[PDB]
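*Asks:* This structure is in structure tokens; I'll ask about it shortly.
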Amino acid sequence: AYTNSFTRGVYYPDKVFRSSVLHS
Amino acid sequence: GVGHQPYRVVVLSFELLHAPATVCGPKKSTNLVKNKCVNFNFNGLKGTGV
């Protein structure tokens, strides 16, 4: 069977604290 | 020959990153000063500020 991800699986790319920013 | 002689090779790899550090040099830490424009050296990160 199959199902949808529904925008899941996002992890922290690095170990640096960033606050209130749009980071690519 | 000299080129055919065996050699012992040691390769050291470092994880230089913005991460907590467990291997550090023989530098000795000092006291902490707040609310004053001073030079600082935090785990090899050097700077000047408050």
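By convention in this document, the chains of the structure tokens carry letters A, B, ... by their order, each chain's residues are numbered from 1, and ligands are numbered from 1 in the order they are shown.
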Counting only C-alpha atoms, a student should be able to say which residues of chain B come within 12 Å of chain A; what is the right answer, written as JSON, numbers by chain?

*Replies:* {"B": [17, 18, 19, 20]}

*Asks:* Produce a file of the selected residues containing N, CA, C and O atoms, as a compact mmCIF listing (two decimals), in the first residue's frame.

*Replies:*
# COMPACT_ATOMS: atom_id res chain seq x y z
N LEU B 17 33.84 22.48 13.42
CA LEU B 17 32.46 22.86 13.16
C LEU B 17 31.99 23.78 14.28
O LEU B 17 32.71 24.03 15.25
N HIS B 18 30.76 24.27 14.13
CA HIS B 18 30.08 25.02 15.18
C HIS B 18 29.31 24.06 16.09
O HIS B 18 28.08 24.11 16.22
N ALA B 19 30.06 23.19 16.74
CA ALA B 19 29.55 22.11 17.58
C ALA B 19 30.30 22.13 18.90
O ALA B 19 31.37 22.73 19.00
N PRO B 20 29.73 21.54 19.96
CA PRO B 20 30.47 21.40 21.22
C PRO B 20 31.73 20.56 21.04
O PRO B 20 31.75 19.56 20.32

*Asks:* Could you write out, as a tab-separated table (two decimals) with C-alpha atoms, in the first residue's frame, all the residues of chain B that DSSP marks as strand (DSSP E)?

*Replies:*
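So states_4.tsv came out as:
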chain	number	residue	atom	x	y	z
B	38	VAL	CA	36.77	42.99	26.18
B	39	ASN	CA	38.54	40.57	23.90
B	40	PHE	CA	37.26	37.00	24.06
B	41	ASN	CA	38.37	33.55	22.91
B	42	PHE	CA	35.62	30.91	23.14
B	45	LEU	CA	36.57	31.56	18.31
B	46	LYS	CA	38.27	34.93	18.77
B	47	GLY	CA	36.58	38.31	18.87
B	48	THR	CA	36.13	41.64	20.60
B	49	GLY	CA	32.89	42.80	22.18
